[PDB]
Amino acid sequence: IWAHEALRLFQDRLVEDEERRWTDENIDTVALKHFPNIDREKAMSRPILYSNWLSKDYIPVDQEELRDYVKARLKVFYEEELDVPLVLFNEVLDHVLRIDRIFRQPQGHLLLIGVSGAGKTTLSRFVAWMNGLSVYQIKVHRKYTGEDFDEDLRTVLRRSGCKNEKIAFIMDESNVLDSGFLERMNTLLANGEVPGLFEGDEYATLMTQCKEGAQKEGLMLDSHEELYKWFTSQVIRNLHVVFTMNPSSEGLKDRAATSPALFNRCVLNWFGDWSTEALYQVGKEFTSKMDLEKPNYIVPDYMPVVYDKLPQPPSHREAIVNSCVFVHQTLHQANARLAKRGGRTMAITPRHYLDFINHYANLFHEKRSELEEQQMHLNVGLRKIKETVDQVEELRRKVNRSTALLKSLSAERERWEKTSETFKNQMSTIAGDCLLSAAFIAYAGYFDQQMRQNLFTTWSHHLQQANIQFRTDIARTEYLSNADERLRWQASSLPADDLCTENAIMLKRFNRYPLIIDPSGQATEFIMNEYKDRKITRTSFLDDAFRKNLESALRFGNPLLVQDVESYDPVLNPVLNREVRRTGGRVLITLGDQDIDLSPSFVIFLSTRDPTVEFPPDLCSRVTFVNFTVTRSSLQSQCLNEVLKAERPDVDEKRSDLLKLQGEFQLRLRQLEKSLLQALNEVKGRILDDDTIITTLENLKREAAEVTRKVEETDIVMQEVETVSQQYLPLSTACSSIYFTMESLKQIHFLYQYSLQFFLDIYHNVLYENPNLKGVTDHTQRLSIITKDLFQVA
Ligand SMILES: Nc1ncnc2c1ncn2[C@@H]1O[C@H](COP(=O)(O)OP(=O)(O)O)[C@@H](O)[C@H]1O
C-alpha cells in the first residue's frame, strides 16, 4: 500500500520517462533500506494496482482480472451511452484506476494533461458513468459568452448543491474562451462556491431550492447564511471538475499564474502521448484479426529496435507491428526536422495511429479478397482452355474455327501464365504493400511531395532492414486506384498529376472527415462534381444558416461541403468524433443540447483557401488533412499545354483529341478483356456450343482491330506531336522556376505574398497580350520573344 500511494503521489505528475524510472527505482531502494528482511516479490512486484470494483474493499487486483472486468463494463457502456469502441492496454488500466481514485474523494478535481485524441475525455466519461456521476460539458459555439458560461455554472451548481446529484464537470483548454471563465473556475475549485454568481431574484430562488434540499435531508435550516453554508458543503460533496490540456510548455506556467487553483486543488495526471509500449499493444491487438502469419519468415541479423520488449524470436506479426510503431514514430522526427528548417508542422495524435491501423486492416482485407477472385477466375479460365485444347486434339485424330481461336488463345495462355506467376508474388508481398499504402494514406496527407517521398523512402528502408516483403519498383497511385475511378475523377475536372490522384484517393478512403487545403478552388469544385448526384450542399461557418443546413444534412443523409474552416464551430466536435448512441434501434447524435437521429449516408468535408494557417490540435486530431499543393511537374505540364495552345493551336487541338481517344481505347480493351474472361468462366461449352463460340471469336477480332488502331495512333501521331512539344519544354522549365522563386520570396519579407493566380496572370499576359509579338509569324522568333517577355514581365 505504501508503494502504491508513493507511486500515485510522486510519479503521476512526472513528465519524462527517465524521471518515472528514477522514482520506480528509488521506491524500492528506500523500502529495502528501511526494511531489510521484507520479501520484495510479495510487496514490490511491478504491476502495483489497487481497486475496489471487483469486491467491497480497496484491495489489490490483477491486470488480467481487471482487464476482463473493464471489458465487460465497456460492453455495457457502449449500449448505455457511447458506441465508440476502445482498445485496452496497460496504460488505460492504470489511468482508469487513477481517475476513479480521484473521483471517490468529496472535492475531487482532476487535471489530465496529455495529447489530444489520447482518450482523456472518453476515459473520464467512462469512469464517471461507472461511479454514477452525471457528466456535464459546456457547449461552446461562435457566440458563446461569459454570461452563457455563468448560466451553465449556475445550472451545474444548482444540480450539485440542491437536489444532491453527483456531477463530473468536464472542461477543456478550448472551453475557457476568456479570462473570466478561468476566474470563476479558480474560485469554484478553491472554495466550492462562487460568491456573487447568484444575484437578485436568482439568489432568492436558490435559497428556496436550498431550503427544499434540507427538507429532503431532514435538516432544519432557516437563515439565509446557514442555507448558503449547507449549499456550499453539498457542492463540495457532489461536484467533480475534470480538466484536459495539451502538454505544451509556456502554457502550464501561464496557467500556474492565471488560475493557481489548478495546481493546489486539482490532482495532476500527466498522460502525455501513447508510449512505444502503448503503440505496440494497440497495434498487435487491432491487427490480430488480420492474417499476418508467415511460416517461412527469415529474421535478419541486425534488426532495428523500436519496442524494447520485442520477443527475441520476432514472428511475422511482431515484425509487422514493430514496423507500424516505427511508422508512427517517424512522423515526429519529420515534424522536428521540418520545424527546425522552416516550420508549419502539425500534431501527430494517437487518432492518427488508429486511422493508420484501421486503414491497414481494411486495405489488407480488400486487396486479399480481390487477388483471390482474380486468381480463381484465371485458374478456371486456364482449366477451360486446357479442356478445349485436349478436346480439339482428340477430335483431330469443324476444326478451322478451333485453329482461328487458338491463334489468339496461345498468347492468351502465355500471358495468363505470366500473370499467374506475377500475382503469386503479390500474395507474398501483400503485407508490406498494404502497410506502406495505409501509412502513406494516414500520415502524408498534409505534406508536400518532397516530404511524402522522404517518408515513403524511410518506411521502405525500414521494411527492407526488417526483411518484410513489399513489392518495390511500383507506384502507389496505381496500387490504390483502378483506371475506371481515375477516369471518373478526371471527368470531374481533377488535375492530372500524381499528387491530385492520391489526394482523391485520400478523399475516398477516409475515416476522419477530411479537411481540404486548396489555395485555389479546384478541390472544392472536384468534390462538388463528384457528390453532385448525392445532392451535396455548399455551406460556410460564417453563414448564420450553417446550423440549419448542418441539422438537415445530418437527419437526411446528404453530403455537406463547408469552407472558411479557420472559423471552426465546436458544434461539430461530436460529429467529427462520431459520438453516436445506438439506442431504440437508431443512431442518435447530440448537437449542443438537441439530439437528432443521424443517417448513415451523412458525409462532411471541411476546406480553406489559406495554406499558411495553423490549426489548434483539438481540430488537428479530428480531421484528415488533404493538402492540394502545386508541384514542379504539374506546373511544367500546365505551362506546356498553355504554350502549345497559344503558339501552335492546331497541334494542341490534335493532341487533345488524340489523348482523349487513347484513353477510350484502353478502357474498351479492358472491357473486352473482362467480357472474354467472364464468358470463358460462365459458359459450359468448350467447342460444341456455337452460341458461345460466336461471341468469342468476334471478341478477338475487336481486340486485334483496336490494338492495331491504338498502336497506329499512339506511335505515328504522338511522335510528331512530341517533337513539336519538345522545343517548348525549356520555356516550361524556366516558367516553373520563376514561380517557385516567387513562392520562396515570402521567406525574406513577410509582405512578399504571391499566389499562383498572380503568376498565371503574368504568363497569360505574356502569351495573349504581348505587343512585341505583333507581326512575327516564325515560331522560333515568337518563342524567343515569349521567353524574354516572360522574364521581363515577371
Ligand atoms: N485507447 C483508445 N482506443 C480506441 N480509441 C481511442 C482511444 N483513445 C482515444 N480514442 C478515440 O478518440 C476519440 C475521442 O478522443 P478524446 O478522448 O475526446 O480525446 P482527448 O483525450 O484529447 O479528449 C474517440 O472517438 C476514440 O475512438
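Surrounded by 17 or more Cβ atoms within 10 Å (Cβ to Cβ) and farther than 30 Å from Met346 by Cα: is that true of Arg184 in this structure?
Criteria met by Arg184.
Looking only at the range 96-120, how many residues end up being out of contact with any strand residue (DSSP E or B) (no Cβ under 7 Å at 6 or more places or on another chain) and within 12 Å of the ligand (Cβ to nearest atom)?
So the answer is 4.
Output the number of the condition that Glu706 fails; it satisfies all remaining conditions of (1) out of contact with any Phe, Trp or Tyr (no Cβ under 6 Å at 6 or more places or on another chain); (2) closer than 30 Å to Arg401 by Cα; (3) surrounded by fewer than 17 Cβ atoms within 10 Å (Cβ to Cβ).
Condition not satisfied by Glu706: (1).
For the range 389-398, check the following and say yes or no: at least one residue is part of a helix (DSSP H, G or I), exposed (fewer than 14 other Cβ atoms within 10 Å of the Cβ) and of a type in the set (S, T, N, Q). If you could, list the steps in order and put the result at the bottom.
Initially, the range 389-398 is screened for residues part of a helix (DSSP H, G or I), giving 389-396.
Within this subset, residues satisfying the condition of being exposed (fewer than 14 other Cβ atoms within 10 Å of the Cβ) are 390, 393-396.
So of that shortlist, the ones also of a type in the set (S, T, N, Q) come out as none.
No, there is no match, as no residue in the range 389-398 is part of a helix (DSSP H, G or I), exposed (fewer than 14 other Cβ atoms within 10 Å of the Cβ) and of a type in the set (S, T, N, Q).
When you look at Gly342, is it over 21 Å from the mean Cα position of the chain (by Cα), small (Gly, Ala, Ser) and closer than 30 Å to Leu677 by Cβ, yes or no?
Answer is no for this residue.
Could you give me the residue pairs with C-beta distances under 6 Å whose first residue belongs to the range 764-779 and is farther than 20 Å from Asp650 by Cβ, whose second residue is of a type in the set (A, V, I, L, M, F, W, C) wherever it lies, and which are 6+ apart or on separate chains?
Filtered contacts from the range 764-779: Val766/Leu790; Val766/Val793; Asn772/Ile785.
Take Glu65 and decide whether it is in a helix (DSSP H, G or I), under 25 Å from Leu110 (Cα atoms) and of a type outside the set (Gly, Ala, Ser). Talk me through it step by step, then tell me what you get.
Numbers: in a helix (DSSP H, G or I): yes; under 25 Å from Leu110 (Cα atoms): no; of a type outside the set (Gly, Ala, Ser): yes.
Taking the combined requirement at face value, the residue does not satisfy it.
Can you list the strands (runs of 3 or more DSSP E) lying wholly within the range 503-614 that have 1 or more residues being acidic (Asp, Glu)?
594-597
Under the condition of being within 16 Å of the ligand (Cβ to nearest atom) and of a type in the set (A, V, I, L, M), which residue from the range 538-587 is farthest from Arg512 (Cα to Cα)?
Quick first cut of the range 538-587, residues within 16 Å of the ligand (Cβ to nearest atom) only: 568, 570-582, 587.
Those still in the list that are of a type in the set (A, V, I, L, M) too: 571-572, 575-576, 580, 587.
Working: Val571: 16, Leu572: 12, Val575: 10, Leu576: 7, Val580: 15, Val587: 18 Å.
Across the range 538-587, the extreme among qualifying residues is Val587.
Which one is farthest from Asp564 (Cα to Cα), of the residues in the range 121-173 that are of a type in the set (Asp, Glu) and more than 14 Å from the ligand (Cβ to nearest atom)?
Filtering first and then ranking leaves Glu165.
I'd like to know if the range 30-39 contains one or more residues that are assigned to a helix (DSSP H, G or I) and basic (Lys, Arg).
Within the range 30-39, the first condition is being assigned to a helix (DSSP H, G or I), and the residues that meet it are 30-34.
Keeping just the survivors that are basic (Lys, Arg) gives 33.
Within the range 30-39, one or more residues are assigned to a helix (DSSP H, G or I) and basic (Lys, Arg).
If you take just the helices (runs of 4 or more DSSP H) that sit entirely in the range 205-294, which of them hold at least 3 residues that are under 41 Å from the mean Cα position of the chain (by Cα), away from the ligand (no atom under 16 Å from the Cβ) and closer than 23 Å to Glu183 by Cβ?
On the way: elements: 224-237, 252-258, 276-287.
Of the helices (runs of 4 or more DSSP H) lying wholly inside the range 205-294, those with at least 3 residues that are under 41 Å from the mean Cα position of the chain (by Cα), away from the ligand (no atom under 16 Å from the Cβ) and closer than 23 Å to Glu183 by Cβ span 252-258.
Criterion first (touching a helix residue (DSSP H, G or I) at 6+ places or on another chain (Cβ under 6 Å), within 12 Å of the ligand (Cβ to nearest atom) and part of a helix (DSSP H, G or I)) does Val92 satisfy it?
In short, no.
For the range 296-342, which residues satisfy the criterion of being outside any helix (DSSP H, G or I) and in contact with an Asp or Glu (Cβ under 7 Å, 6 or more places away or on another chain)?
Scanning the range 296-342 gives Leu310, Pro311.
Any residue in the range 311-328 that is within 16 Å of the ligand (Cβ to nearest atom), under 27 Å from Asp17 (Cα atoms) and exposed (fewer than 15 other Cβ atoms within 10 Å of the Cβ)?
no
Quick check on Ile59: is it away from the ligand (no atom under 16 Å from the Cβ), surrounded by 15 or more Cβ atoms within 10 Å (Cβ to Cβ) and β-branched (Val, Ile, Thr)?
Numbers: away from the ligand (no atom under 16 Å from the Cβ): yes; surrounded by 15 or more Cβ atoms within 10 Å (Cβ to Cβ): no; β-branched (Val, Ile, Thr): yes.
It is false that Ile59 is away from the ligand (no atom under 16 Å from the Cβ), surrounded by 15 or more Cβ atoms within 10 Å (Cβ to Cβ) and β-branched (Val, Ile, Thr).
Scan the range 333-357 for residues that are buried (at least 20 other Cβ atoms within 10 Å of the Cβ) and either more than 16 Å from the ligand (Cβ to nearest atom) or of a type in the set (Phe, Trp, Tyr) (or both) and report the count.
Residues meeting the conditions: 2.
Where a number appears in this text, it was derived from the coordinates with a stated rule and is not lab data. With ideal geometry, Cβ positions are generated from the backbone for all residues, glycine too; neighbour counts draw on all protein chains shown.
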